[PDB]
Amino acid sequence: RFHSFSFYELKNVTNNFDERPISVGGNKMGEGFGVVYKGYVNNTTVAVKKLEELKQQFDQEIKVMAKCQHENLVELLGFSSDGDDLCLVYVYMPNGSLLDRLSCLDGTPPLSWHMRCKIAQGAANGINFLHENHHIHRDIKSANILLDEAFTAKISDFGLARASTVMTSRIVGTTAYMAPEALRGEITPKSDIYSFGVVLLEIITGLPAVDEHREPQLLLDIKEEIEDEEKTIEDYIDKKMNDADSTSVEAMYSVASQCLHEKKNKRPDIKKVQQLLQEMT
Ligand SMILES: CNC(=O)c1cnc(Nc2ccc3ncsc3c2)cc1N[C@H](CO)Cc1ccccc1
């Protein structure tokens with residue numbers, strides 16, 4: 001299903017894996033462990049990720065991507081087996097990550113509430129496809145929600161994904177986004193819902209999940225500040241938008257709040273998350 005790319009072709013298309021940043025006219029876009037490069041395969045802009053348990057994540061990415069094709073999931077175009085390093089070739093996402101756009105990285109305009117709602121719905125549609133096809137992402141975060149030309153949400157990074165409550169040694173994921181049970185080693189699609197709840201807070205507030213120079217350092221702690229009636233979600237709403245109405249903001253917050261139940265069985269399933277997000281608009 002995928003194009004097997006030659007290592008010489010990938011070296012050629014990335015200007016010999018030019019490590020200089022894009023900003024400076026280089027090909028390095030980021031750093032997923034390995035470096036992500038901008039490439040041109042004929043007239044097509046691509047993203048080339050040049051990478052023991054790394055070969056496991058490489059195989060898992062191809063395996064999951066072969067089985068999963070959806071409007072709200074990134075597309076793997078091919079890979080490279082021959083040559084010095086393992087490479088993964090993806091479709092270029094012109095608007096990068098939701099994290100980058102929420103942070104207005106490189107002077108991009110803030111996302112409107114209207115775009116944020118479409119992104120929240122799209123990401124939820126992508127998680128629903130994964131859960132319907134018995135996959136647990138395990139690393140749902142704003143950096144893993146990529147954005148195309150129409151700002152369509154595309155879930156990325158399937159290297160840590162697991163088939164679907166089992167427990168494991170070797171706990172993986174991003175702490176600021178992880179459910180309590182996932183931090184304990186449990187493998188459940190219910191952990192993906194918790195991480196999506198944190199993403200919804202990042203969407204409402206424009207705040208990153210973790211900031212060492214902030215009080216509270218962790219975004220999920222704002223839920224407790226709001227719950228303990230110290231503050232309201234209105235005091236946290238991203239100020240970089242002109243179209244956020246109180247009713248739809250509270251509706252998104254109620255969905256995030258439900259996602260963020262510390263008790264995995266009290267959290268809604270992705271299908272309930274989709275329904276509540278569609279009712280919101
Ligand atoms: C302005 N546009 C971009 O910067 C951009 C364009 N296409 C991308 N494609 C793509 C699609 C699936 C995928 N799966 C794994 S890496 C990967 C890449 C990613 C992009 N940004 C991303 C986020 O900043 C770079 C990136 C940096 C560090 C780690 C991983 C990715």
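Along the chain as shown, residues are numbered 1 onward.
Header lists the method as X-ray crystallography, 2.2 Å.
Even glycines carry a Cβ here, placed using N, Cα and C.
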Annotated phosphothreonine residue, as Swiss-Prot has it, among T152, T165, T174: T165
Selected residue, Swiss-Prot feature phosphoserine, from candidates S97, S112, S142, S169: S169
Feature phosphothreonine, as given in Swiss-Prot - residue among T14, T168, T232, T247: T168
For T165 (phosphothreonine): intrachain residues, at least 6 apart, with Cβ closer than 8 Å: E181, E186, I187, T188
Gap length 8 residues; flanking Cα-Cα distance, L51 to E52, Å: 11
Site of maximum Cβ density within 10 Å, from modified residues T168, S169: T168
Secondary structure at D139 (active site, proton acceptor), reduced by DSSP to three states: coil
DSSP three-state assignment (helix, strand or coil) for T165 (phosphothreonine): coil
